[PDB]
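**Q** sequence unknown, structure follows:
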Ligand SMILES: O=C1Nc2c(Cl)cccc2S(=O)(=O)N1
Ligand SMILES: O=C1Nc2c(Cl)cccc2S(=O)(=O)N1
Ligand SMILES: [Zn+2]
């Protein structure tokens with residue numbers, strides 16, 4: 001099964017998922033000098049006030065905080081998007097060391113981690129239908145650097161002990177994802193894909209320019225999670241990131257000068 005090890009990692013994924021070598025794969029390096037300001041891009045609208053978190057799951061690849069997406073409660077609109085996209089889950093990718101972990105890079109710089117807030121286009125009715133469409137998902141990507149703690153992350157950090165191993169879940173209600181956002185919503189955007197199998201080319205990527213700061217202790221706790229199930233040999237959940245993929249025939253657009 002695919003993963004992040006030497007014998008099942010990103011360089012192997014194309015054998016089961018040939019779209020891994022496709023025309024709009026993610027992540028990519030964001031070359032800040034080549035991204036063009038697009039004055040027709042609108043401000044992002046992030047409307048998370050009525051978000052209903054439900055559960056946190058270790059799925060063997062990351063941990064996902066899942067939301068009730070059966071109504072328009074937490075939605076992303078505006079920016080490059082047409083229509084309304086509903087928040088379904090968020091998760092992170094992170095490194096074994098503070099010098100790596102993000103999937104997107106900025107002028108080849110790797111951040112310590114990257115947050116993905118995953119939303120699906122309500123015109124397709126459900127997430128499974130949306131991933132079959134070129135405009136089915138919008139993923140809001142936020143970089144994490146190590147410095148001061150992020151207060152709004154701590155409730156996530158403190159439940160990770162209860163979902164150490166693959167397949168474990170825990171109740172995770174009343175979590176407010178607004179506490180994970182930076183001050184500015186300036187962003188880069190481009191068309192891409194899921195960054196794990198099935199690698200479907202269904203994502204409008206919206207990557208915020210401003211990172212959030214998390215503490216060394218917060219990210220150290222991410223690194224105590226396990227890829228393995230309970231009662232299996234312990235393999236720390238670290239370096240669960242895909243490296244940058246060829247940009248090919250795409251342009252990255254900036255919302256800001
Ligand atoms: O600014 C840069 N940051 C890097 C990081 Cl964070 C990791 C690897 C390579 C680079 S880089 O040297 O290409 N230039
Ligand atoms: O690793 C990732 N896997 C995803 C899956 Cl499986 C579903 C949707 C969005 C993502 S993601 O591209 O945001 N990052
Ligand atoms: Zn992701």
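**A** Great, that's in hand. Numbers count the residues shown, from 1 in each chain. Ligands and ions are numbered 1, 2, ... in the order given.
**Q** CA only for contacts and neighbour counts going forward, please
**A** Will do.
**Q** Helices along the protein, start to end?
**A** Along the chain, counting by DSSP state H, helices occupy 127-130, 154-159, 216-222.
**Q** contacting residues around the residue in the stretch 151-257 of the chain positioned nearest to ligand 2?
**A** Using Cα to the nearest ligand atom, the closest approach of the stretch 151-257 of the chain to ligand 2 is made by residue 194 at 3.4 Å. For residue 194, the contacting residues are 25-26, 200-203, by Cα atoms under 8 Å, 6 or more residues apart in numbering.
**Q** for the residues you listed, which one is nearest residue 116?
**A** residue 203 (11.6 Å; Cα to Cα).
**Q** so the closest one makes contact with residue 195?
**A** No. Using Cα atoms under 8 Å, residue 203 makes no contact with residue 195, being 9.8 Å away.
**Q** neighbour-wise, which of the two wins?
**A** More crowded of residue 203 and residue 195, by other Cα atoms under 10 Å: residue 203, with 29 against 22.
**Q** Who are the contact partners of the more buried one?
**A** Residue 203 sits next to 134-139, 191-194 when contact means Cα under 8 Å, 6+ apart.
**Q** Just the buried ones from the residues you listed?
**A** Buried members of those, counted by 16 or more other Cα atoms under 10 Å: 135-139, 191-194.
**Q** can I get the contacts of residue 194 in TSV with distance to residue 81?
**A** TSV is the format used below for those (distance: Cα to Cα, whole Å):
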residue	distance to residue 81
25	19
26	18
200	18
201	16
202	13
203	11
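**Q** So which of the residues you listed is the closest to residue 78?
**A** Distances from residue 78 to these, taken by Cα to Cα, are shortest for residue 203, at 15.1 Å.
**Q** Would you mind naming the residues that bridge with that closest one?
**A** Beta bridges link residue 203 to residue 137, residue 192, judged by DSSP bridges.
**Q** Quick check: it vs residue 38, distance?
**A** Going from residue 203 to residue 38 by Cα to Cα, to the nearest Å gives 19 Å.
**Q** contact partners of stretch 212-228?
**A** Contacts to stretch 212-228, defined as Cα under 8 Å, 6+ apart, come from residues 60-62, 94-96, 142-150, 153-154, 157, 160-161, 163-166, 180-182, 234-238.
**Q** Residue 57: neighbour count?
**A** Residue neighbour count, defined by other Cα under 10 Å, stands at 23 for residue 57.
**Q** Any idea what it is bridged to?
**A** Judged by DSSP bridges, the bridge partners of residue 57 are residue 64, residue 169.
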